[PDB]
Each structure stands twice: as structure tokens, then as C-alpha cells.
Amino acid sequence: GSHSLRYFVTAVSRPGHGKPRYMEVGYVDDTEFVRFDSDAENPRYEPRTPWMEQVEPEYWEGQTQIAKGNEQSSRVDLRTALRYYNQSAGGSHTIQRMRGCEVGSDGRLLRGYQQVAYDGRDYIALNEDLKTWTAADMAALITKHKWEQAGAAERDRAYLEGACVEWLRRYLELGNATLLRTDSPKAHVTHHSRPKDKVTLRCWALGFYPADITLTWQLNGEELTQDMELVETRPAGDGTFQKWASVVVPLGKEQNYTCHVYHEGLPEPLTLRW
């Protein structure tokens, strides 16, 4: 498969109410594994999975120091943006950054990411070539120039192609048991009679990982789109995911509809009927 290591950074100003709130979150493959929270009684990077607890203590202190530098920086950034955009004082504003690498099963870099949003909108992003920037606006053009002049892109390229990839591997081998597992969905169909002569068929998928799944309903032998609902895929909170798709069909015609569940952890897709 392909895997990714990703860092998500949030800074939120709260004028009058003290210094900005600041957070960093690390993800391996969409599992949260490290976190830095300024609200902590004693803020610092900490492990978020049992498997992260086995790394050298040298690991943490260093990363904590890096996060603290990021937090002081981000506080300056919030002030900077207010100035670039000429925004009124006294409101809350947010900076977000995502940076990470996505690597194919051959250990090669498929993609490196470096991007920033201000107040929830694209601000600046490192292009796929890992050498040039895309500024979303006038304000971001000032950062683009600063960053070119400071040789930021090359610092980022080096990290994304080297360290980012190298640590992904440590982490993968570290959380071995649980990161690479597959839990296939357990499926079933429920049945409900609504007004007039309608029946709701709900096709359920539970306890699966990874999150990626497809559920479809077929009438006679082709898929449906109207009379259908599917909920966004959701965490059970224990590392598995849930989804369902329902369809409304005529009463006494339930037997003509089948539900199909597609998931990598299945020797082949599931077919259910009421």
C-alpha cells in the first residue's frame, strides 16, 4: 500500500483572553500518534498510541523544543497576518499548516506537502516540484518572497524527501501490529415501514479498518442514486469505522434490492438482501 506521515498545526488568537491557543498533531496513515498542546498543565509533545511510548526519551524533549519554537513563531505569525491584511484588532483568527510526505510501498516519495491557511482559506502552498510556492493572494505574495529569500523551499524539500520518509519507516515498523492490520466490515440490513407504502432498507457496515469503504444498493442489477442516503464514514472511537447507506423502495418489493459492501479486508465483496 501507500503510507503517509503528516503534521497538522493550529494557532488561534484570542485577544484579551491571553496568548493564542496552539496545537500540533502527528498522523501515521490517519492514526494520531503524537500531539503537542499549549493548554497542557506542562505543554510538550506526547505519545498518542501505546506503540509510540517505546521510543528513546531523547525523542520527546527535542520535539517539544521544536514545537515551542513553532508556538512562539505562530504567535508572531498571527500578528503578521493581521498586519498584512489590515484587519481590525480584537477578533479571533486562525493559522493552520499541514506538512507531510506520502510514500509508496517501494519506499519512494509519491508526494510531499507544505501548505498554510489563514482563517480557513488557502494561503500558501509548496508546489509538487518541491521548489516553488503558490500564493493564494496579495498577502501571501509577501510571505512567498520572504520564503524564497530565506531558502525555505530547499529546507522543506530536504525534510520531505529525507527525514520525513525515514521516520515514517521507523513509525511503521514501530506500530507494526496495529497500523498494518485490516478489519473487514461486519454487515447487515435493517428494515422499516414508513408513511404510505414505503419501506426503508438500511445497509450497515461496522467494525472495519482502514476507513475506506464503498456501499452501494442495486435494483435488479444496477446501482441507485435517488431515494438513497449515505452517512459520512465515522469513527467508532476504538480504531474502527462505521458507515451506512439506506434506500426507499416500494412495499412488497424489498427482495429486488441488494446491498454491496466493498472493502480491502474482504476476500471479495459482500452481497446482502432483506
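The numbering used is simple: start at 1 and walk along the sequence shown.
Legend: mean Cα B-factor per stretch from the PDB entry, 76-84 versus 135-143; the higher mean is in 135-143. As listed in the deposited structure, the average C-alpha B-factor of 89-97 and of 188-196 is greater for 188-196. Each of 251, 12, 23, 261 has a CA temperature factor in the record; the biggest one is found at 251.
In the PDB entry, the Cα temperature factor peaks, among 211, 66, 40, 205, at 40.
Residue-level temperature factors show residue 173 in the highest third of its chain, judged at the C-alpha atom. The deposited CA B-factor of residue 230 belongs to the highest third of values across its chain. Looking at the C-alpha B-factors along this chain, the one for residue 159 belongs to the middle third.
In the PDB entry, a CA B factor belonging to the highest third of its chain's modelled residues is recorded for residue 128.
Annotation for residue 114: C-alpha temperature factor in the highest third relative to the rest of the modelled chain, per the entry.
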